[PDB]
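One protein chain, two forms: both are listed below as structure tokens, the first as structure 1 and the second as structure 2.
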Structure 1
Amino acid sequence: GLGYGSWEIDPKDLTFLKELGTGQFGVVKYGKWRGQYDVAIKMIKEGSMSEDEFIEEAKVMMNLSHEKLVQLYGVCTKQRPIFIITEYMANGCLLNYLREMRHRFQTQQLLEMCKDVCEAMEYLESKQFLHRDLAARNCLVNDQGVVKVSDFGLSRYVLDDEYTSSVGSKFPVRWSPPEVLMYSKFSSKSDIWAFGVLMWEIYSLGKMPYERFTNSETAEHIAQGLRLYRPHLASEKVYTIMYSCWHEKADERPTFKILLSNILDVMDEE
């Protein structure tokens, strides 16, 4: 209506129903939009985000739409704190979901989670949009068990320097390729590397990558050409796919289109 652009949600249209917890940007709630539609609401804690830059980018993100990508519905910007409104993912983040042993996953289900994420990443790649921080902690699970990619691109607007450079105590070292750690060279191939680590997290049921190492030791391990190794639940064919994401030379890593074909082949063969 009057006063709200196409990227802007009227917060008065929101009904807050349940607090989901607190993340890095702040509190996340479950609610309804105009009484009928499930939504997630992330309340951006003040001082945490580059808000004017994020809002301009939110206008571009409104045009990103894919079955396996968490849908941005809009932002609430007239106020502090601002809200990010999205489709609701009832089973929470993939990381905690993988760690609940009660699910007793079949490997067929684990590969489907990889395929879910890979389709979303191929879509983002087809739009020349880097995620820049892909990890199981960022993927979400809906009430049907479908995995979708979330938080895409948001690291660009984080003001806490501990998060934004490899020198920082909160940088995702364990998801980063050597050229990121050594030179800060981000590209589609640093998303590819992180996807390989995500595949490892999935088949490891949510273990920390390099769980016996510090970040500093992980960087040295990776820099010397050493890698994660095969999770007990990964077949040889599955391990070949995730390992292909970790070529020291970025240009020898596959695209998300090639990974998708490889994953579909293994689904057929297994």
Structure 2
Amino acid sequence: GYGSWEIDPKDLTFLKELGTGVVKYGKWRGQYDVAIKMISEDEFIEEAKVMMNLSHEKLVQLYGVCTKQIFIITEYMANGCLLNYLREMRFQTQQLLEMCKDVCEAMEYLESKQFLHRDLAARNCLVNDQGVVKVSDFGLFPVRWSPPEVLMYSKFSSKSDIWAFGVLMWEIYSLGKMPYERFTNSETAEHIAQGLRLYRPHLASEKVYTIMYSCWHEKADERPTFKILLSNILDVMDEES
């Protein structure tokens, strides 16, 4: 059994579909808003197993599982996917830096647990009713979010998550543009190897750009940690607001 994590499926209500395994918005005993994912069987629940051990205010929180019946239940993020939010909802630049901080806090927590996300991007973040951004899909090819050492020989590390985070900052400040918008994946990989980097979005100040750009150092060892990035973001937040 999963102890405290076991949820009686009969306490759930189903209110609307969020996506299609299949994900629905609902309630638990009419008390909590929840998101409910429905479904191989064994690898489906591995997501929840990962989430049982990770808990943070800026990380999508597991609420429980239904395995005797198969459901995964989490907190509900009313404003949906961050990528859609950036393209569809409406920002002053200080709200954008806040979104970056939200994600940075989640990633600093993951870093402190020596856990690698491997697919950090705006598509894999969610937004709650208050506009708080949380990292999602962490319990589960993203060429445009990958450093040269990943593209060339699958060298995954804390520093490949750092690279992806810089690209996510770029997504936020560009209001959800696809990175390297005029290139294919193949061309992007080629250009990354040649030292090409994403341009500074108009909404990003030079200080903000320095932060995202620091994530893209050719040498992995020369990229900052999430702890350093968090300190940089806070400093800029204090200086610009």
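Each form is matched to the other, and the largest set of C-alpha atoms that superpose within 1.5 Å is called the rigid core. Numbering runs along the sequence of structure 1, starting at 1.
Superposition on the rigid core between structure 1 and structure 2 places the CA atom of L260 less than 2 Å from its counterpart. A displacement of less than 2 angstroms separates the C-alpha positions of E248 between structure 1 and structure 2, with the rigid core held in common. After superposing the rigid core, the C-alpha of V60 moves by 2 Å or more between structure 1 and structure 2. Relative to the superposed core, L17 has its Cα moved 0.8 Å between structure 1 and structure 2. A C-alpha shift of 1.4 Å is found for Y37 between structure 1 and structure 2, based on superposition of the rigid core.
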